[PDB]
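Computed over heavy atoms, backbone and side chain alike; hydrogens, waters and symmetry mates excluded. To find a chain, count down the sequence lines: A is the first, B the second, and so on, and within it residues start at 1.
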Amino acid sequence: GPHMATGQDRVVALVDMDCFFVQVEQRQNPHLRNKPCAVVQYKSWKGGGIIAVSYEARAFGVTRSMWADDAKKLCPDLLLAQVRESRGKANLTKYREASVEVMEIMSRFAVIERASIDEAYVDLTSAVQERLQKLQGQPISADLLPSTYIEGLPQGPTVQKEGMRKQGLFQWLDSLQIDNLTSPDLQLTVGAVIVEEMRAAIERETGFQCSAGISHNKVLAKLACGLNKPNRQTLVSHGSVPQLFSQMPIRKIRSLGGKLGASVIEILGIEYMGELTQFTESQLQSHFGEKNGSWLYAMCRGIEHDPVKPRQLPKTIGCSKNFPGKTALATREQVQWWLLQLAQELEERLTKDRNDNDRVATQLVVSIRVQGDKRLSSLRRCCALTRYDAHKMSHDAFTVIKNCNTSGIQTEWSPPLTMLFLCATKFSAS
DNA sequence: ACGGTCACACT
DNA sequence: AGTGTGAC
Ligand SMILES: Nc1ccn([C@H]2C[C@H](O)[C@@H](COP(=O)(O)NP(=O)(O)OP(=O)(O)O)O2)c(=O)n1
Ligand SMILES: [Mg+2]
Ligand SMILES: [Mg+2]
């Protein structure tokens, strides 16, 4: 009991933008605002794939990955913003740049880890101690947490959601012992205050609304963030974990969404995260491996040690395009032209990256898929990247994958390529 | 015909 | 260096 480590050492927040691509388009185009809206790419095929959905639109059942034509059936008045197309492919520059706006603001408060284009993890442990020191035996007002939810509260002895939020928050605050600096719950609470400030700054400065989860680790922070979206932040305490995890589907936990989560469910015959507590660390390790087993054992107990990496920028800069079914490239000239298009966009992004971030990519990775292959990549190959030259990069990429072309004629390409991928990696200071 | 990107574990 | 999984 005295020696058991509860994973309450850190205060971690995950801030995730609400329907991010939609918001970027909405900010730029006021007409989209407060309306059922979605962002689509490649309009020609079935109206284009939906990649982002406004909350008004989600009410109609519109979802990501839905074809726009299908979405229209559910929501006749659905408004659509198209992903920019450059050189015959979708260009995500606007959203990347919008992401930078958010990331830079967040970086002001603490070192951040860029988990995705629209979200980043924040370790507020240092910030919290300092803030706790700044306010002395200073009780924390509810006003400082206007958008905060306390998961699991209210409990025990208004049918409006805001009323519920307030009751829960009040129960939490009344419970709090302000005087003790060490208390994890107090630390989470102060962390929540900062997140409120972080989120207000984001909205004021970009016009983008976001949600956040405050907890002692990344997994819990991420899970918490989703609980009260949109435009709200949720504090998941260590104590709330048992009840929260008791009915929490295993797939919900980050990294348990795929095969591992399925095997975990299949092998152990359980549905909920909480049920994982019944197994010894060794038991979990035997089925899912040493690293996974330890992670699962600690995680179902609300404990995770994965640190918030200090990484604001992406480690890689990549361009890729799919050429599905009939559109697969079956000629050498075709492959070369598309490689060139990818290389050109990559070059523009690489050049801007070098100026902005003082770094150069020393390695080029070329990936392709042949028709009928199961795998996302038929082949992956890498060559040195010494110049930010689109022609050289595309020329080099062709050299690397050219032998994949079986056909004797060599003016043709067989099998036709379903996918082309170019990625710049191994960045170095410059 | 569930696209375009990213990170990272395993080998 | 290459492959596969998971995420968003
Ligand atoms: N499969 C996916 C998932 C997300 N994205 C993009 C579009 C999203 O707007 C953006 C952020 O992803 P997301 O946070 O998981 N969902 P989104 O931000 O749109 O809505 P929220 O549920 O977070 O409020 O990345 C994508 O392009 N392809
Ligand atoms: Mg989001
Ligand atoms: Mg996200």
Side-chain angles (χ1 to χ4, degrees), chain A residues 14 16-22 39-53 63-70 82-96 99 113-121 218-219 222-223 225-226 229 251-264 288-292 295 306 309 311-328 341-342 345-346 349 363-369 371 373-384 400-401 418-427:
Chain A
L14 174 284
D16 182 276
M17 314 303 304
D18 307 332
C19 54
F20 185 50
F21 286 17
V22 166
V39 176
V40 297
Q41 49 180 26
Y42 300 130
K43 201 100 180 55
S44 66
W45 185 262
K46 304 196 181 305
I50 296 179
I51 72 177
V53 184
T63 61
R64 168 174 62 252
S65 123
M66 191 169 278
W67 292 117
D69 287 344
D70 295 331
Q82 288 181 13
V83 163
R84 162 141 121 257
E85 217 158 284
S86 303
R87 302 177 197 85
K89 72 175 290 291
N91 169 17
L92 302 188
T93 296
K94 189 192 304 179
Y95 314 113
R96 290 195 178 94
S99 175
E113 184 188 331
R114 181 198 191 274
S116 80
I117 195 174
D118 99 305
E119 83 210 68
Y121 290 90
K218 292 205 289 187
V219 162
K222 171 61 168 182
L223 186 60
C225 177
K229 264 184 176 287
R251 68 178 177 278
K252 297 310 179 181
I253 275 52
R254 195 205 198 268
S255 83
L256 295 185
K259 293 177 170 184
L260 176 58
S263 76
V264 168
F288 318 115
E290 166 192 300
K291 173 164 170 293
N292 285 333
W295 187 83
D306 184 11
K309 320 254 187 296
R311 188 197 59 214
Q312 178 145 202
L313 307 170
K315 312 184 78 159
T316 66
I317 294 186
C319 306
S320 82
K321 179 170 178 54
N322 289 346
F323 305 91
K326 178 183 163 305
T327 60
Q341 306 312 301
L342 294 179
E345 181 198 325
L346 183 63
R349 289 167 61 185
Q363 176 178 59
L364 179 61
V365 177
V366 187
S367 183
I368 67 173
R369 172 126 91 115
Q371 204 160 38
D373 202 322
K374 206 329 150 149
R375 309 160 276 136
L376 325 317
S377 164
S378 123
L379 142 125
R380 145 111 147 40
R381 296 277 187 260
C382 66
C383 70
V400 170
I401 70 168
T418 45
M419 180 276 298
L420 289 179
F421 182 32
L422 288 194
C423 190
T425 70
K426 295 193 187 309
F427 285 93

Compare the minimum distances between each of [options] and the side chain of [X], then state the nucleotide with the smallest one.
{"X": "A:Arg96", "options": "B:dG3, B:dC2, B:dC6", "value": "B:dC6"}
{"X": "A:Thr316", "options": "B:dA7, B:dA1, B:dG4", "value": "B:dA7"}
{"X": "A:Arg349", "options": "B:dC6, B:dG3, B:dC2", "value": "B:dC6"}

Less than 4.0 angstrom between a side-chain N/O of A:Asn322 and OP1 or OP2 of B:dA1, yes or no?
no
Any side-chain N or O of A:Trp45 under 4.0 Å from OP1/OP2 of B:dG3?
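No.
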Under a 4.0 Å heavy-atom criterion, DNA chain C is touched by chain A from C:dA1 to C:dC8
Tell me, please, which residues at least two apart from A:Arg87 pass salt bridge (charged side-chain N to carboxylate O under 4.0 Å, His left out).
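If we apply the salt bridge (charged side-chain N to carboxylate O under 4.0 Å, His left out) test to A:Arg87, skipping adjacent residues, the hits are A:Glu348.
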Give me the ring orientation class for A:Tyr95 and A:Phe21: parallel if the planes are under 30° apart, tilted from 30 to 60°, perpendicular past 60°.
parallel
Would you mind reading off the distance between [X] atom [atom1] and [N] atom [atom2], rounded to a whole angstrom?
{"X": "A:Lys46", "N": "B:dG3", "atom1": "NZ", "atom2": "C1'", "value": "15 Å"}
{"X": "A:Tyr121", "N": "B:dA7", "atom1": "OH", "atom2": "P", "value": "14 Å"}
{"X": "A:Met419", "N": "B:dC2", "atom1": "CE", "atom2": "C1'", "value": "14 Å"}
{"X": "A:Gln41", "N": "B:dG3", "atom1": "CD", "atom2": "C1'", "value": "5 Å"}
{"X": "A:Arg369", "N": "B:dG4", "atom1": "CZ", "atom2": "P", "value": "12 Å"}
{"X": "A:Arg114", "N": "B:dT5", "atom1": "CZ", "atom2": "P", "value": "12 Å"}
{"X": "A:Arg84", "N": "B:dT5", "atom1": "CZ", "atom2": "P", "value": "12 Å"}
{"X": "A:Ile117", "N": "B:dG4", "atom1": "CD1", "atom2": "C1'", "value": "10 Å"}

Checking all strands, does [X] fall into the base, sugar-phosphate, or nothing category for heavy-atom contacts under 4.0 angstrom?
{"X": "A:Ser255", "value": "sugar-phosphate"}
{"X": "A:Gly258", "value": "sugar-phosphate"}
{"X": "A:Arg254", "value": "sugar-phosphate"}
{"X": "A:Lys374", "value": "nothing"}
{"X": "A:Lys321", "value": "sugar-phosphate"}
{"X": "A:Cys423", "value": "nothing"}
{"X": "A:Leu256", "value": "sugar-phosphate"}

Heavy-atom count check: over 12 atoms from other residues, nucleotides or ligands less than 6.0 Å from A:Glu290 CD?
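No - once you tally the heavy atoms of other residues, nucleotides and ligands closer than 6.0 Å, there are 12 at most.
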pair [X]-[Y]: side-chain heavy atoms closer than 4.5 Å:
{"X": "A:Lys229", "Y": "A:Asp18", "result": "yes"}
{"X": "A:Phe323", "Y": "A:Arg369", "result": "no"}
{"X": "A:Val83", "Y": "A:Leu92", "result": "yes"}
{"X": "A:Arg251", "Y": "A:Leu256", "result": "no"}

Rounded to whole angstrom, note down the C1' distance from C:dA7 over to B:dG3.
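C:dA7 and B:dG3 have their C1' atoms separated by 14 Å.
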Atom CD1 of A:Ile368 and atom CZ of A:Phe421: how far apart are they, to the nearest 0.5 Å?
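Between A:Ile368 CD1 and A:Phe421 CZ, I get 13.0 Å after rounding to 0.5 Å.
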Does B:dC6 have its sugar in the north or the south range once you look at the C1'-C2'-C3'-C4' torsion?
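That sugar belongs to the north family, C3'-endo side.
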Partners passing side chain to side chain contact (heavy atoms under 4.5 Å, CB included) against A:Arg349 (at least two apart in sequence or in another chain):
A:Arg96, A:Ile317, A:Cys319, A:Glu345
According to the 5.5 Å centroid and 30° plane-angle thresholds, does A:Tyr42 stack upon the nucleobase of B:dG3?
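One would not call A:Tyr42 stacked on the B:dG3 base.
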Output every pair passing salt bridge (charged side-chain N to carboxylate O under 4.0 Å, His left out) with a member in residues 311-326 of chain A, not counting sequence neighbours, ordered by first then second residue.
A:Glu113-A:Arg311
Could you pull out every donor-acceptor pair under 3.5 Å between side chains of residues 376-384 of chain A and any protein atom, sequence neighbours left out?
from	atom 1	to	atom 2	distance (Å)
A:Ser377	OG	A:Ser367	OG	2.9
A:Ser377	OG	A:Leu379	N	3.2
A:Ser377	OG	A:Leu379	O	2.9

For A:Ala115 and A:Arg64, take the nucleotide of DNA chain B holding the closest heavy atom to each; which residue's nucleotide lies nearer the 5' end?
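Upstream on the strand: A:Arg64.
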Close N/O contacts between protein and nucleotides 8-11 of chain B (under 3.5 Å):
from	atom 1	to	atom 2	distance (Å)
B:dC8	OP1	A:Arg311	NH1	3.1
B:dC8	OP2	A:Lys315	NZ	3.3

